[PDB]
$ cat final-v7.txt   # compact mmCIF, N, CA, C and O atoms and all ligand atoms
# COMPACT_ATOMS: atom_id res chain seq x y z
N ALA A 3 -57.05 -112.61 -111.41
CA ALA A 3 -56.59 -112.40 -112.81
C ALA A 3 -56.15 -110.95 -113.01
O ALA A 3 -56.38 -110.10 -112.15
N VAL A 4 -55.50 -110.69 -114.14
CA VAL A 4 -55.03 -109.34 -114.44
C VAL A 4 -55.21 -109.02 -115.92
O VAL A 4 -54.88 -109.82 -116.79
N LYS A 5 -55.73 -107.83 -116.19
CA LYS A 5 -55.96 -107.36 -117.56
C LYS A 5 -54.73 -106.59 -118.01
O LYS A 5 -54.27 -105.69 -117.31
N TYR A 6 -54.19 -106.93 -119.18
CA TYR A 6 -53.02 -106.23 -119.70
C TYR A 6 -53.39 -105.43 -120.94
O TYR A 6 -54.05 -105.94 -121.85
N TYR A 7 -52.98 -104.16 -120.96
CA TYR A 7 -53.25 -103.28 -122.09
C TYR A 7 -51.94 -102.87 -122.76
O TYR A 7 -50.92 -102.73 -122.09
N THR A 8 -51.96 -102.66 -124.07
CA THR A 8 -50.77 -102.23 -124.79
C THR A 8 -50.75 -100.70 -124.87
O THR A 8 -51.78 -100.04 -124.70
N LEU A 9 -49.58 -100.12 -125.13
CA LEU A 9 -49.48 -98.67 -125.26
C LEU A 9 -50.39 -98.22 -126.39
O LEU A 9 -51.01 -97.16 -126.33
N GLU A 10 -50.49 -99.05 -127.43
CA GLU A 10 -51.34 -98.72 -128.57
C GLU A 10 -52.80 -98.50 -128.19
O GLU A 10 -53.43 -97.57 -128.67
N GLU A 11 -53.34 -99.35 -127.31
CA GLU A 11 -54.73 -99.17 -126.92
C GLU A 11 -54.93 -98.07 -125.89
O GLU A 11 -55.97 -97.41 -125.89
N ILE A 12 -53.95 -97.87 -125.01
CA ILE A 12 -54.07 -96.83 -123.99
C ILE A 12 -54.08 -95.43 -124.63
O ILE A 12 -54.77 -94.53 -124.18
N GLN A 13 -53.32 -95.29 -125.71
CA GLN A 13 -53.19 -94.03 -126.44
C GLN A 13 -54.52 -93.49 -126.98
O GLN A 13 -54.69 -92.28 -127.14
N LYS A 14 -55.46 -94.40 -127.26
CA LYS A 14 -56.76 -94.02 -127.79
C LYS A 14 -57.69 -93.37 -126.78
O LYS A 14 -58.66 -92.71 -127.16
N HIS A 15 -57.40 -93.55 -125.50
CA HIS A 15 -58.24 -93.00 -124.44
C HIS A 15 -57.74 -91.64 -123.98
O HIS A 15 -57.23 -91.50 -122.86
N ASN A 16 -57.89 -90.66 -124.85
CA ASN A 16 -57.45 -89.30 -124.59
C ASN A 16 -58.42 -88.31 -125.23
O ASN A 16 -58.00 -87.41 -125.96
N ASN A 17 -59.71 -88.49 -124.98
CA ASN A 17 -60.71 -87.59 -125.54
C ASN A 17 -61.72 -87.18 -124.47
O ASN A 17 -61.56 -87.52 -123.30
N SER A 18 -62.75 -86.44 -124.87
CA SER A 18 -63.76 -85.98 -123.92
C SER A 18 -64.54 -87.10 -123.24
O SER A 18 -65.14 -86.90 -122.18
N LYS A 19 -64.53 -88.28 -123.85
CA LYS A 19 -65.27 -89.43 -123.35
C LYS A 19 -64.49 -90.36 -122.43
O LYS A 19 -65.07 -91.03 -121.56
N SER A 20 -63.18 -90.41 -122.60
CA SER A 20 -62.35 -91.31 -121.80
C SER A 20 -60.94 -90.77 -121.60
O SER A 20 -60.31 -90.28 -122.55
N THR A 21 -60.45 -90.83 -120.37
CA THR A 21 -59.11 -90.37 -120.04
C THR A 21 -58.39 -91.46 -119.24
O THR A 21 -58.75 -91.74 -118.10
N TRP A 22 -57.39 -92.08 -119.85
CA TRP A 22 -56.61 -93.10 -119.16
C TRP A 22 -55.17 -92.62 -119.11
O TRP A 22 -54.74 -91.84 -119.96
N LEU A 23 -54.43 -93.09 -118.12
CA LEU A 23 -53.02 -92.76 -118.05
C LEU A 23 -52.32 -93.87 -117.28
O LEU A 23 -52.95 -94.66 -116.58
N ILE A 24 -51.00 -93.94 -117.46
CA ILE A 24 -50.21 -94.97 -116.82
C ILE A 24 -49.37 -94.42 -115.67
O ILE A 24 -48.75 -93.36 -115.80
N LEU A 25 -49.35 -95.13 -114.55
CA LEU A 25 -48.51 -94.73 -113.42
C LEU A 25 -47.88 -96.01 -112.90
O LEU A 25 -48.59 -96.93 -112.50
N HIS A 26 -46.55 -96.07 -112.91
CA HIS A 26 -45.83 -97.24 -112.42
C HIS A 26 -46.37 -98.54 -113.02
O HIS A 26 -46.64 -99.51 -112.30
N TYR A 27 -46.51 -98.56 -114.34
CA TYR A 27 -47.00 -99.71 -115.10
C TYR A 27 -48.45 -100.13 -114.86
O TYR A 27 -48.89 -101.17 -115.34
N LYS A 28 -49.20 -99.33 -114.11
CA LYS A 28 -50.60 -99.65 -113.88
C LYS A 28 -51.42 -98.65 -114.70
O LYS A 28 -51.01 -97.50 -114.86
N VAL A 29 -52.55 -99.10 -115.22
CA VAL A 29 -53.42 -98.26 -116.03
C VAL A 29 -54.57 -97.74 -115.18
O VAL A 29 -55.25 -98.52 -114.49
N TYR A 30 -54.80 -96.43 -115.23
CA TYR A 30 -55.85 -95.79 -114.46
C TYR A 30 -56.86 -95.13 -115.37
O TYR A 30 -56.49 -94.45 -116.32
N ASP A 31 -58.14 -95.34 -115.08
CA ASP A 31 -59.20 -94.69 -115.85
C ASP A 31 -59.65 -93.53 -114.97
O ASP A 31 -60.37 -93.73 -113.99
N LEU A 32 -59.21 -92.31 -115.31
CA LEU A 32 -59.55 -91.13 -114.52
C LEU A 32 -60.68 -90.29 -115.09
O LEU A 32 -60.88 -89.14 -114.68
N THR A 33 -61.42 -90.85 -116.04
CA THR A 33 -62.52 -90.14 -116.68
C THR A 33 -63.45 -89.40 -115.72
O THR A 33 -63.73 -88.21 -115.91
N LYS A 34 -63.94 -90.09 -114.69
CA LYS A 34 -64.86 -89.48 -113.73
C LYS A 34 -64.18 -88.74 -112.59
O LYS A 34 -64.84 -88.15 -111.74
N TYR A 35 -62.85 -88.77 -112.56
CA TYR A 35 -62.12 -88.11 -111.48
C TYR A 35 -61.62 -86.72 -111.86
O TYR A 35 -61.28 -85.91 -110.99
N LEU A 36 -61.57 -86.43 -113.15
CA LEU A 36 -61.07 -85.15 -113.64
C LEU A 36 -61.54 -83.92 -112.87
O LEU A 36 -60.73 -83.08 -112.47
N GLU A 37 -62.84 -83.80 -112.64
CA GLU A 37 -63.38 -82.64 -111.95
C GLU A 37 -63.21 -82.64 -110.43
O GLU A 37 -63.43 -81.61 -109.79
N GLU A 38 -62.82 -83.77 -109.86
CA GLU A 38 -62.64 -83.86 -108.41
C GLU A 38 -61.18 -83.67 -107.98
O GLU A 38 -60.90 -83.31 -106.84
N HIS A 39 -60.26 -83.93 -108.91
CA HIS A 39 -58.83 -83.82 -108.65
C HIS A 39 -58.42 -82.45 -108.10
O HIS A 39 -58.59 -81.43 -108.77
N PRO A 40 -57.87 -82.41 -106.87
CA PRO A 40 -57.44 -81.15 -106.25
C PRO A 40 -56.45 -80.37 -107.12
O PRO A 40 -56.38 -79.14 -107.06
N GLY A 41 -55.67 -81.10 -107.92
CA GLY A 41 -54.70 -80.46 -108.79
C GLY A 41 -55.26 -79.94 -110.10
O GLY A 41 -54.52 -79.40 -110.93
N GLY A 42 -56.56 -80.10 -110.30
CA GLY A 42 -57.19 -79.64 -111.52
C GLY A 42 -57.31 -80.73 -112.57
O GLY A 42 -56.70 -81.79 -112.44
N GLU A 43 -58.11 -80.48 -113.60
CA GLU A 43 -58.29 -81.47 -114.65
C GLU A 43 -57.33 -81.27 -115.81
O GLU A 43 -57.01 -82.21 -116.54
N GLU A 44 -56.85 -80.04 -115.96
CA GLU A 44 -55.93 -79.71 -117.04
C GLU A 44 -54.64 -80.53 -116.99
O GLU A 44 -54.18 -81.04 -118.01
N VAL A 45 -54.07 -80.67 -115.79
CA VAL A 45 -52.83 -81.43 -115.65
C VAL A 45 -53.02 -82.91 -115.96
O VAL A 45 -52.08 -83.60 -116.35
N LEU A 46 -54.25 -83.41 -115.81
CA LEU A 46 -54.53 -84.81 -116.11
C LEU A 46 -54.74 -85.01 -117.61
O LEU A 46 -54.17 -85.92 -118.21
N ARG A 47 -55.55 -84.15 -118.21
CA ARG A 47 -55.83 -84.23 -119.64
C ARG A 47 -54.55 -84.20 -120.47
O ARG A 47 -54.43 -84.91 -121.46
N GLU A 48 -53.60 -83.36 -120.06
CA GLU A 48 -52.33 -83.23 -120.76
C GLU A 48 -51.54 -84.53 -120.85
O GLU A 48 -50.82 -84.76 -121.82
N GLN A 49 -51.66 -85.37 -119.82
CA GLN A 49 -50.93 -86.64 -119.78
C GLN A 49 -51.75 -87.82 -120.29
O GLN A 49 -51.24 -88.92 -120.41
N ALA A 50 -53.02 -87.57 -120.60
CA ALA A 50 -53.92 -88.62 -121.07
C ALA A 50 -53.34 -89.45 -122.21
O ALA A 50 -52.78 -88.90 -123.16
N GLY A 51 -53.49 -90.76 -122.11
CA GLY A 51 -53.01 -91.66 -123.15
C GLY A 51 -51.57 -92.12 -123.03
O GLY A 51 -51.10 -92.91 -123.85
N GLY A 52 -50.87 -91.64 -122.02
CA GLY A 52 -49.48 -92.03 -121.86
C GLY A 52 -49.04 -92.28 -120.43
O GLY A 52 -49.86 -92.43 -119.53
N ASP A 53 -47.72 -92.32 -120.23
CA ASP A 53 -47.12 -92.56 -118.93
C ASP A 53 -46.89 -91.23 -118.22
O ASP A 53 -46.17 -90.36 -118.72
N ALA A 54 -47.50 -91.06 -117.05
CA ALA A 54 -47.38 -89.83 -116.28
C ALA A 54 -46.69 -90.05 -114.94
O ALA A 54 -46.80 -89.23 -114.03
N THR A 55 -45.97 -91.17 -114.82
CA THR A 55 -45.30 -91.50 -113.57
C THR A 55 -44.36 -90.41 -113.05
O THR A 55 -44.45 -90.03 -111.89
N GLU A 56 -43.47 -89.92 -113.90
CA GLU A 56 -42.52 -88.89 -113.46
C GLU A 56 -43.22 -87.63 -112.96
O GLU A 56 -42.88 -87.10 -111.90
N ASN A 57 -44.22 -87.16 -113.70
CA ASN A 57 -44.96 -85.96 -113.32
C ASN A 57 -45.70 -86.17 -112.01
O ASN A 57 -45.79 -85.27 -111.18
N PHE A 58 -46.24 -87.37 -111.85
CA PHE A 58 -46.99 -87.73 -110.65
C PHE A 58 -46.08 -87.71 -109.42
O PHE A 58 -46.47 -87.22 -108.36
N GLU A 59 -44.88 -88.26 -109.56
CA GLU A 59 -43.93 -88.30 -108.45
C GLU A 59 -43.28 -86.94 -108.20
O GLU A 59 -42.97 -86.60 -107.06
N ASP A 60 -43.06 -86.17 -109.27
CA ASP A 60 -42.43 -84.87 -109.13
C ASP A 60 -43.21 -83.94 -108.21
O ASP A 60 -42.62 -83.11 -107.51
N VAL A 61 -44.53 -84.07 -108.19
CA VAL A 61 -45.36 -83.23 -107.34
C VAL A 61 -45.40 -83.78 -105.91
O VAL A 61 -45.76 -83.08 -104.97
N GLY A 62 -45.02 -85.05 -105.76
CA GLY A 62 -44.99 -85.67 -104.44
C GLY A 62 -46.33 -85.88 -103.75
O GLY A 62 -46.57 -85.34 -102.67
N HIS A 63 -47.20 -86.67 -104.37
CA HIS A 63 -48.52 -86.96 -103.82
C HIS A 63 -48.48 -87.60 -102.44
O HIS A 63 -47.61 -88.43 -102.15
N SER A 64 -49.44 -87.22 -101.61
CA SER A 64 -49.56 -87.72 -100.25
C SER A 64 -50.00 -89.18 -100.22
O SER A 64 -50.45 -89.73 -101.22
N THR A 65 -49.86 -89.80 -99.05
CA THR A 65 -50.25 -91.19 -98.88
C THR A 65 -51.74 -91.37 -99.18
O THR A 65 -52.14 -92.36 -99.79
N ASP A 66 -52.56 -90.41 -98.75
CA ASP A 66 -54.00 -90.49 -98.99
C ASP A 66 -54.33 -90.49 -100.47
O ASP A 66 -55.21 -91.23 -100.92
N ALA A 67 -53.64 -89.65 -101.24
CA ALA A 67 -53.87 -89.57 -102.67
C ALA A 67 -53.52 -90.89 -103.34
O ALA A 67 -54.25 -91.38 -104.20
N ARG A 68 -52.40 -91.48 -102.93
CA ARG A 68 -51.97 -92.75 -103.50
C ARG A 68 -52.96 -93.85 -103.15
O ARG A 68 -53.29 -94.68 -103.99
N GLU A 69 -53.44 -93.85 -101.91
CA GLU A 69 -54.41 -94.86 -101.50
C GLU A 69 -55.67 -94.71 -102.34
O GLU A 69 -56.23 -95.70 -102.82
N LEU A 70 -56.12 -93.48 -102.53
CA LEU A 70 -57.32 -93.24 -103.32
C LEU A 70 -57.15 -93.66 -104.78
O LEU A 70 -58.06 -94.23 -105.37
N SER A 71 -55.97 -93.39 -105.35
CA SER A 71 -55.71 -93.72 -106.75
C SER A 71 -55.96 -95.19 -107.10
O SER A 71 -56.34 -95.51 -108.22
N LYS A 72 -55.75 -96.08 -106.14
CA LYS A 72 -55.94 -97.51 -106.40
C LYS A 72 -57.34 -97.88 -106.85
O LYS A 72 -57.53 -98.90 -107.53
N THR A 73 -58.34 -97.08 -106.49
CA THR A 73 -59.71 -97.37 -106.88
C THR A 73 -59.93 -97.21 -108.38
O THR A 73 -60.87 -97.76 -108.94
N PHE A 74 -59.03 -96.47 -109.04
CA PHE A 74 -59.16 -96.23 -110.48
C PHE A 74 -58.36 -97.16 -111.38
O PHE A 74 -58.36 -97.00 -112.60
N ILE A 75 -57.67 -98.14 -110.80
CA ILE A 75 -56.89 -99.07 -111.60
C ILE A 75 -57.79 -100.01 -112.41
O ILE A 75 -58.73 -100.59 -111.87
N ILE A 76 -57.52 -100.15 -113.70
CA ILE A 76 -58.32 -101.05 -114.53
C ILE A 76 -57.46 -102.18 -115.12
O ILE A 76 -57.98 -103.10 -115.75
N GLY A 77 -56.16 -102.09 -114.90
CA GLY A 77 -55.26 -103.12 -115.42
C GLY A 77 -53.81 -102.70 -115.38
O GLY A 77 -53.43 -101.75 -114.68
N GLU A 78 -52.97 -103.43 -116.11
CA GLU A 78 -51.55 -103.12 -116.16
C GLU A 78 -51.04 -103.04 -117.58
O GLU A 78 -51.68 -103.51 -118.52
N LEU A 79 -49.87 -102.42 -117.73
CA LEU A 79 -49.24 -102.28 -119.04
C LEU A 79 -48.66 -103.63 -119.45
O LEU A 79 -47.95 -104.28 -118.67
N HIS A 80 -48.97 -104.05 -120.67
CA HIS A 80 -48.50 -105.33 -121.20
C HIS A 80 -46.99 -105.45 -121.05
O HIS A 80 -46.25 -104.55 -121.42
N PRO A 81 -46.52 -106.58 -120.50
CA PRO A 81 -45.09 -106.83 -120.30
C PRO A 81 -44.20 -106.49 -121.50
O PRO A 81 -43.11 -105.94 -121.34
N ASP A 82 -44.67 -106.80 -122.71
CA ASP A 82 -43.87 -106.52 -123.90
C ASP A 82 -43.63 -105.04 -124.19
O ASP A 82 -42.69 -104.69 -124.90
N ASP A 83 -44.46 -104.16 -123.64
CA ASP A 83 -44.30 -102.72 -123.86
C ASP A 83 -43.52 -102.03 -122.74
O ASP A 83 -43.35 -100.81 -122.77
N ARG A 84 -43.06 -102.79 -121.76
CA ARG A 84 -42.31 -102.22 -120.65
C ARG A 84 -40.80 -102.27 -120.89
O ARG A 84 -40.12 -101.28 -120.54
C1 LIG B 101 -53.92 -91.28 -110.01
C2 LIG B 101 -54.76 -90.19 -109.78
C3 LIG B 101 -54.42 -89.14 -108.92
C4 LIG B 101 -54.96 -88.92 -107.69
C5 LIG B 101 -55.89 -89.84 -106.91
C6 LIG B 101 -54.51 -87.60 -107.28
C7 LIG B 101 -54.86 -86.99 -106.08
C8 LIG B 101 -54.42 -85.74 -105.70
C9 LIG B 101 -54.68 -85.17 -104.39
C10 LIG B 101 -55.54 -85.80 -103.31
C11 LIG B 101 -54.02 -83.99 -104.35
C12 LIG B 101 -53.90 -83.08 -103.14
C13 LIG B 101 -52.52 -83.09 -102.49
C14 LIG B 101 -52.07 -84.47 -102.07
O1 LIG B 101 -52.84 -85.15 -101.36
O2 LIG B 101 -50.95 -84.87 -102.43
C15 LIG B 101 -53.39 -83.81 -105.65
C16 LIG B 101 -52.68 -82.68 -106.03
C17 LIG B 101 -52.03 -82.51 -107.24
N1 LIG B 101 -51.96 -83.48 -108.24
FE1 LIG B 101 -52.85 -85.23 -108.25
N2 LIG B 101 -53.68 -87.03 -108.23
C18 LIG B 101 -53.59 -88.00 -109.24
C19 LIG B 101 -52.85 -87.87 -110.39
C20 LIG B 101 -52.11 -86.76 -110.76
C21 LIG B 101 -51.26 -86.71 -111.94
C22 LIG B 101 -51.04 -87.85 -112.94
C23 LIG B 101 -50.73 -85.46 -112.00
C24 LIG B 101 -49.82 -84.96 -112.93
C25 LIG B 101 -49.88 -85.16 -114.32
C26 LIG B 101 -51.24 -84.76 -110.82
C27 LIG B 101 -50.86 -83.47 -110.46
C28 LIG B 101 -51.20 -82.88 -109.24
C29 LIG B 101 -50.84 -81.52 -108.87
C30 LIG B 101 -50.04 -80.53 -109.71
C31 LIG B 101 -51.35 -81.29 -107.64
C32 LIG B 101 -51.27 -79.96 -106.89
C33 LIG B 101 -50.25 -79.94 -105.76
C34 LIG B 101 -50.19 -78.59 -105.06
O3 LIG B 101 -51.23 -78.14 -104.54
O4 LIG B 101 -49.10 -77.99 -105.03
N3 LIG B 101 -52.06 -85.57 -110.04
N4 LIG B 101 -53.61 -84.92 -106.46

$ encode --input "final-v7.txt" --output "structure tokens"
Amino acid sequence: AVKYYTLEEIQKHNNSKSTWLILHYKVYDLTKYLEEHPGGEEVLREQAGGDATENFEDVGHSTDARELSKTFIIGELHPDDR
């Protein structure tokens, strides 16, 4: 099965308690990853609640980073909002 979230609900997860962001139509909950991210937590918080695909690709993440990111997927962006 697959959980679909709307942009409206993803937008609410941008506070000290929860940080979600979208990458290639997939929703990631990075709340517990903020302090471990080699690129820092500031760059993640800034994109919280929205689509960070372009910024993510612009830096050119390694294969290992992409493989690791899959563990944080909680669902996908609702088809109607794409
Ligand atoms: C999906 C979660 C993400 C994971 C698992 C992740 C993982 C990593 C890892 C392992 C690195 C080290 C270099 C590499 O392996 O490519 C890195 C660097 C970096 N990441 Fe992420 N990242 C994620 C999301 C993001 C996002 C959304 C942004 C931008 C808004 C971001 C910005 C950066 C930057 C600026 C660096 C520093 C590159 C440098 O040293 O020049 N990351 N990330």

$ residues_near_ligand --input "final-v7.txt" --ligand "ligand LIG 101 (chain B)" --cutoff "7 Å" --atoms "only C-alpha atoms and all ligand atoms" --output "MDAnalysis selection string"
chainID A and resid 30 32 39:41 45:46 49 54:55 57:58 61:64 66:68 70:71

$ atom_distance --input "final-v7.txt" --atom1 "atom CA of residue 29 of chain A" --atom2 "atom CA of residue 52 of chain A"
9.4 Å

$ select_by_dssp --input "final-v7.txt" --residues "chain A" --states "strand (DSSP E or B)" --output "compact mmCIF listing (two decimals) with N, CA, C and O atoms, keeping the file's coordinate frame"
# COMPACT_ATOMS: atom_id res chain seq x y z
N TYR A 6 -54.19 -106.93 -119.18
CA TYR A 6 -53.02 -106.23 -119.70
C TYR A 6 -53.39 -105.43 -120.94
O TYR A 6 -54.05 -105.94 -121.85
N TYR A 7 -52.98 -104.16 -120.96
CA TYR A 7 -53.25 -103.28 -122.09
C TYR A 7 -51.94 -102.87 -122.76
O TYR A 7 -50.92 -102.73 -122.09
N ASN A 16 -57.89 -90.66 -124.85
CA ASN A 16 -57.45 -89.30 -124.59
C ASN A 16 -58.42 -88.31 -125.23
O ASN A 16 -58.00 -87.41 -125.96
N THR A 21 -60.45 -90.83 -120.37
CA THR A 21 -59.11 -90.37 -120.04
C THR A 21 -58.39 -91.46 -119.24
O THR A 21 -58.75 -91.74 -118.10
N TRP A 22 -57.39 -92.08 -119.85
CA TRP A 22 -56.61 -93.10 -119.16
C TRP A 22 -55.17 -92.62 -119.11
O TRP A 22 -54.74 -91.84 -119.96
N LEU A 23 -54.43 -93.09 -118.12
CA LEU A 23 -53.02 -92.76 -118.05
C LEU A 23 -52.32 -93.87 -117.28
O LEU A 23 -52.95 -94.66 -116.58
N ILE A 24 -51.00 -93.94 -117.46
CA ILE A 24 -50.21 -94.97 -116.82
C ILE A 24 -49.37 -94.42 -115.67
O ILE A 24 -48.75 -93.36 -115.80
N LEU A 25 -49.35 -95.13 -114.55
CA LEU A 25 -48.51 -94.73 -113.42
C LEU A 25 -47.88 -96.01 -112.90
O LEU A 25 -48.59 -96.93 -112.50
N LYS A 28 -49.20 -99.33 -114.11
CA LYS A 28 -50.60 -99.65 -113.88
C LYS A 28 -51.42 -98.65 -114.70
O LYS A 28 -51.01 -97.50 -114.86
N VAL A 29 -52.55 -99.10 -115.22
CA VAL A 29 -53.42 -98.26 -116.03
C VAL A 29 -54.57 -97.74 -115.18
O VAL A 29 -55.25 -98.52 -114.49
N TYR A 30 -54.80 -96.43 -115.23
CA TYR A 30 -55.85 -95.79 -114.46
C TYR A 30 -56.86 -95.13 -115.37
O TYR A 30 -56.49 -94.45 -116.32
N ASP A 31 -58.14 -95.34 -115.08
CA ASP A 31 -59.20 -94.69 -115.85
C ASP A 31 -59.65 -93.53 -114.97
O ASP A 31 -60.37 -93.73 -113.99
N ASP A 53 -47.72 -92.32 -120.23
CA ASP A 53 -47.12 -92.56 -118.93
C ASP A 53 -46.89 -91.23 -118.22
O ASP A 53 -46.17 -90.36 -118.72
N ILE A 75 -57.67 -98.14 -110.80
CA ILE A 75 -56.89 -99.07 -111.60
C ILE A 75 -57.79 -100.01 -112.41
O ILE A 75 -58.73 -100.59 -111.87
N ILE A 76 -57.52 -100.15 -113.70
CA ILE A 76 -58.32 -101.05 -114.53
C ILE A 76 -57.46 -102.18 -115.12
O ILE A 76 -57.98 -103.10 -115.75
N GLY A 77 -56.16 -102.09 -114.90
CA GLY A 77 -55.26 -103.12 -115.42
C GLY A 77 -53.81 -102.70 -115.38
O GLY A 77 -53.43 -101.75 -114.68
N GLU A 78 -52.97 -103.43 -116.11
CA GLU A 78 -51.55 -103.12 -116.16
C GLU A 78 -51.04 -103.04 -117.58
O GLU A 78 -51.68 -103.51 -118.52
N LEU A 79 -49.87 -102.42 -117.73
CA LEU A 79 -49.24 -102.28 -119.04
C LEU A 79 -48.66 -103.63 -119.45
O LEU A 79 -47.95 -104.28 -118.67

$ select_by_dssp --input "final-v7.txt" --residues "chain A" --states "helix (DSSP H, G or I)" --output "list in words"
residues 9, 10, 11, 12, 44, 45, 46, 47, 48, 49, 55, 56, 57, 58, 59, 60, 65, 66, 67, 68, 69, 70, 71, 72, 73, 74, 81, 82 and 83 of chain A

$ closest_residue --input "final-v7.txt" --among "A:19, A:14, A:7, A:24" --to "residue 56 of chain A" --atoms "all atoms listed in the file"
A:24

$ atom_distance --input "final-v7.txt" --atom1 "atom N of residue 43 of chain A" --atom2 "atom N of residue 83 of chain A"
29.1 Å

$ closest_residue --input "final-v7.txt" --among "A:50, A:80, A:60, A:69" --to "residue 13 of chain A" --atoms "only C-alpha atoms"
A:50

$ atom_distance --input "final-v7.txt" --atom1 "atom CA of residue 65 of chain A" --atom2 "atom CA of residue 8 of chain A"
28.2 Å
